[PDB]
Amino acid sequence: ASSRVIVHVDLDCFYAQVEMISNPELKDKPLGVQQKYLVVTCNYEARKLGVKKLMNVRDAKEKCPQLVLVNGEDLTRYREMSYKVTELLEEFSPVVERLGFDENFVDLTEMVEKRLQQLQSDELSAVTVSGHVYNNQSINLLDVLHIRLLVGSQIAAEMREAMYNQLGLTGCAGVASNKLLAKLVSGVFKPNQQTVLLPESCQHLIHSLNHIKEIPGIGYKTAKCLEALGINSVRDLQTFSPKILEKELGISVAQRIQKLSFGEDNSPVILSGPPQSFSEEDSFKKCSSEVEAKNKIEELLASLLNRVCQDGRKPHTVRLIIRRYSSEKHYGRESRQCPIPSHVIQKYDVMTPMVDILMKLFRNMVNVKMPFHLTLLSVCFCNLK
């Protein structure tokens, strides 16, 4: 009545898979996908040579001299594949939540229940798992929660087979009773495998983490807070004072993350649907000062207008984002947004009006005389209607 069956689907090395498919000459070769000076991801043949995700490019060559690099700055193809994955999952069950370009959650509860109603009860004893059971736990076929999670593992196997057969992509899946545990357990056997978590092994999974930052929803800021309070292990967080936690983190963070530490997560799988925003970025070391900016902003706009135009919906808010330096200081970018004028929402002719909007938002932020040094320009369209 309360218990869900959730699957987390997590594609392997995603950008590298897409590049490997584009150029099968790279299939047997160690491969990294480069963005500026970063190897943002690499295929499992590069990982075996000590190439790590988000390793810089000199370190990466220094580790594996023969490593092949492919430019991954233009995300168009990865983004297109990513939506082909999500739509394929949506055909299984429509409630699909995207997390970045390579992870999806699906709530399988209704689908599991319909499949169980189809079984005759002399076939119920015949239910088997597909893939790994976390911690090698024994299955009890008389336990309705175990039966539901096994049928979840069968649907997950079907999704994985369909993504390989229809899109050429491999990935892992985790099946569990909520999104936290599904995300945690999907990564236990990789690459290209799947795992199911039965309820009795939840504490073993959560305590398998080695630090609280590994819990999804606890990020850099929050972990740094916790560390300062002497909270380091999952058990530290489980046993820490609710009241002190509430004072330090506010009631919202405190109550939610302490529930995470126990494996409890009541958040629903939300149907992502079409995106809420479209943006593009470009990074540089001080290659923008000044009115080398309008050109860059023109190029970003050019590309973004194609995306909105192919999307079909129209954006009512535009935003310009910059980043300043130096020297070694703080993360924060700065932005300005305003509505797009009504006549302009009708996709020189579109460019000159939008660039002029953008250049004005530009001035509001940057004093074009007595100037400051830029490391990033980004345009974002949002408020899609």
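Just so we're on the same page, rigid core means the largest C-alpha set that superposes within 1.5 Å between forms. When you see a residue number, it is the position in the sequence shown, counting from 1.
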item	value
Greater root mean square CA deviation, 283-291 compared with 301-309 in 9 other deposited structures of this protein, core aligned	283-291
Divergent stretch in 9 other deposited structures of this protein, 292-300 or 141-149 [C-alpha RMS, superposed by the core]	292-300
Check: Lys347 without coordinates in a third or more of other entries	yes
Unmodelled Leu376 in at least one third of other entries with both flanks present	no
Count class of deposited residues lacking coordinates, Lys347 to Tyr348	4 to 9
95-103 versus 292-300 - which carries the larger mean C-alpha B factor in the record	292-300
Mean C-alpha B-factor comparison - 167-175 and 135-143, higher one	135-143
Highest-ranked of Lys36, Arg336, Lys27, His316 once sorted by CA temperature factor in the record	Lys27
Residue with highest C-alpha B-factor in the PDB entry, from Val40, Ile321, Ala60, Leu31	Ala60
CA B-factor placement of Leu149, once the chain's modelled residues are sorted into thirds	lowest
B-factor third for the C-alpha atom of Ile6 within its chain	lowest
B-factor third for the C-alpha atom of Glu158 within its chain	lowest
Third assignment of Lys247 from its chain's C-alpha B-factors	highest
Third of the chain's Cα B-factor distribution that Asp311 belongs to, per the entry	highest
